[PDB]
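Novice: coords please:
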Amino acid sequence: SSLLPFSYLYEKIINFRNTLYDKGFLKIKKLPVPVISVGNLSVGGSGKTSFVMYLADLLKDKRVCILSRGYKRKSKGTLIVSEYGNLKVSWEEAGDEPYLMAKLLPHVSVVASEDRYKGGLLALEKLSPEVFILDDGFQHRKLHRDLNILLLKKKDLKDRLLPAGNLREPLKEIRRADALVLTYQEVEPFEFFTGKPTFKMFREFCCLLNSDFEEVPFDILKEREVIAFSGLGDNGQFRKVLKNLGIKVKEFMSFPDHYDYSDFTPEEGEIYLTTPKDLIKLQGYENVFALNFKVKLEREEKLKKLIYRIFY
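Specialist: Numbering: from 1, shown residues only. Take a look at the structure below.
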């Protein structure tokens, strides 16, 4: 209960901030080329990362560049992670999120930068792309965006601001979005009424991903028990997924959050499962995999059309 005052305080700061942006007291910068945004209001499991990839496949016909956050100080403030598939740095230097994104999109560039506008400059100069994509840039109002997509899960509506709840901004800020994406339909379906474009989003278990991030069937799991493991405190969520899919787990294994899997030595002739985020660190050990979900989006044709109009 003692956290609610802080929440009230936090609300004042955030609303004040947004207010400044609403009435043009703070500058919103513009890039010479189009900019699409993807984000959400809360912390924790979001599904934004899933959408970005799906989005990228819709722009396969064009020159795409991702503008990642690349959290932390150990960046220049700007850095090129991938030149259309080709990784130019290590996962240690680039971070887990951008690196992973780079592999999953072999035909797309990735740029890590705290400041996105600065990321754009380097982008246009060297890679010369046609379109940008902001992952988790809904709060980043510093940079203008033609298409501001916002993601919402059923939990978000029933949640509160930090530090009590999980929201970073009040639900009233939904209005800023140009289009909505209703997430987690596969477990908790719901509708939302705005007048804005709206799309129902499902995630479905499709296959596995090996270390080279090439798809392999999940039939290999049948009639075999597996040894699952997770690098951090996501185990409660990870196990839940394993249980719902109907995968038989003989044992679970948890590791320290910062564990880089340097000293692990896998038994021969055994199958292992883990998270994609951790899989990137296990290139070489030829019998470990990760779960792979793909986005099933209704009214796909309409979404492209939404996207297709911003290029003029």
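
Novice: which SSE is residue 148 in?
Specialist: strand 147-152 (DSSP states H and E).

Novice: Report the buried residues of the next helix or strand after that strand.
Specialist: Note on strand 147-152: by DSSP H and E, the next helix or strand toward the C-terminus is helix 154-157. Going by neighbour count (16 or more other Cβ atoms under 10 Å), the buried part of helix 154-157 is 154, 156. Where you see a C-beta, it was placed from the backbone N, CA and C, and this is true even at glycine.

Novice: How about stretch 122-140?
Specialist: Residues of stretch 122-140 classed as buried by neighbour count (16+ other Cβ under 10 Å): 122-124, 127, 129, 131-140.

Novice: what angle sits between the longest strand along the chain and strand 147-152?
Specialist: Longest strand in the chain, counting residues (DSSP state E): strand 198-209. Calculated by axes from the mean of the first three to the mean of the last three Cα atoms, to 10 degrees, strand 198-209 forms an angle of 70 degrees with strand 147-152.

Novice: Spell out the residue ranges of the strands in the stretch 101-250 of the chain.
Specialist: Remark: strands assigned in the stretch 101-250 of the chain by DSSP state E, counting those that start in this stretch are 109-113, 131-135, 147-152, 179-182, 198-209, 215-216, 226-230, 249-254.

Novice: Now do the same contact list for the closest residue to residue 310 other than its chain neighbours.
Specialist: Distance criterion Cβ to Cβ, 6 or more residues apart in numbering; nearest residue to residue 310, sequence neighbours excluded, is residue 146 at 4.6 Å. By Cβ atoms under 8 Å, 6 or more residues apart in numbering, the contact set of residue 146 is 34, 35, 36, 178, 310.

Novice: who does the longest strand of the chain pair up with?
Specialist: Note on strand 198-209: by DSSP bridges, its sheet partners are strand 179-182 (parallel), strand 215-216 (antiparallel), strand 288-297 (antiparallel).

Novice: Could you dump the ones you listed into a markdown table and include distance to residue 206?
Specialist: Conversion of the strands paired with strand 198-209 to a markdown table gives the following (distance: least, Cβ to Cβ, whole Å):
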| stretch | distance to residue 206 |
| --- | --- |
| strand 179-182 | 19 |
| strand 215-216 | 8 |
| strand 288-297 | 5 |
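
Novice: Ok, which of those strands comes nearest residue 249?
Specialist: strand 288-297 (12.4 Å; Cβ to Cβ).

Novice: Now do the buried residues in that closest one.
Specialist: By neighbour count on 16+ other Cβ under 10 Å, the buried set for strand 288-297 is 288, 289, 290, 291, 292, 293, 294, 295, 297.

Novice: now that strand, how far from the chain's geometric center?
Specialist: Computed by Cα atoms, centre = their mean, to the nearest Å, the separation of strand 288-297 from the middle of its chain amounts to 13 Å.

Novice: just to revisit the earlier point, closest one to residue 111 out of the buried residues of stretch 122-140, please.
Specialist: Nearest member of the buried residues of stretch 122-140 to residue 111, counting by Cβ to Cβ, is residue 123, at 5.7 Å.

Novice: Just give the closest residue to the closest one, not the sequence neighbours.
Specialist: In space, and not counting its chain neighbours, residue 123 is closest to residue 65: 5.1 Å by Cβ to Cβ, 6+ apart.

Novice: how about the helices in the stretch 201-312 of the chain?
Specialist: Remark: helices assigned in the stretch 201-312 of the chain by DSSP state H, counting those that start in this stretch are 235-245, 276-279, 300-308.

Novice: same for the longest one, what does it pack against?
Specialist: The reference is to helix 235-245. strand 226-230, strand 249-254 (3 or more Cβ pairs under 8 Å, 6 or more residues apart in numbering; DSSP states H and E).

Novice: Need the residues that contact the longest one.
Specialist: With Cβ under 8 Å, 6+ apart as the contact definition, strand 249-254 has outside contacts at 225, 226, 227, 228, 229, 230, 232, 233, 235, 239, 242, 243.

Novice: Test my guess that the third one contacts residue 270.
Specialist: So that's residue 227. Yes: using Cβ atoms under 8 Å, residue 227 is in contact with residue 270, at 6.3 Å.

Novice: out of those two, which sits in the busier spot?
Specialist: residue 227 (17 against 13; other Cβ atoms under 10 Å).

Novice: Pairing partners for the strand holding residue 148, with directions?
Specialist: Applying DSSP bridges to the sheet, strand 147-152 is found paired with strand 35-40 (parallel), strand 179-182 (parallel).

Novice: out of those, deepest packed?
Specialist: Compared across the strands paired with strand 147-152, strand 35-40 shows the largest average neighbour count, a mean of 24 (mean count of other Cβ atoms under 10 Å).
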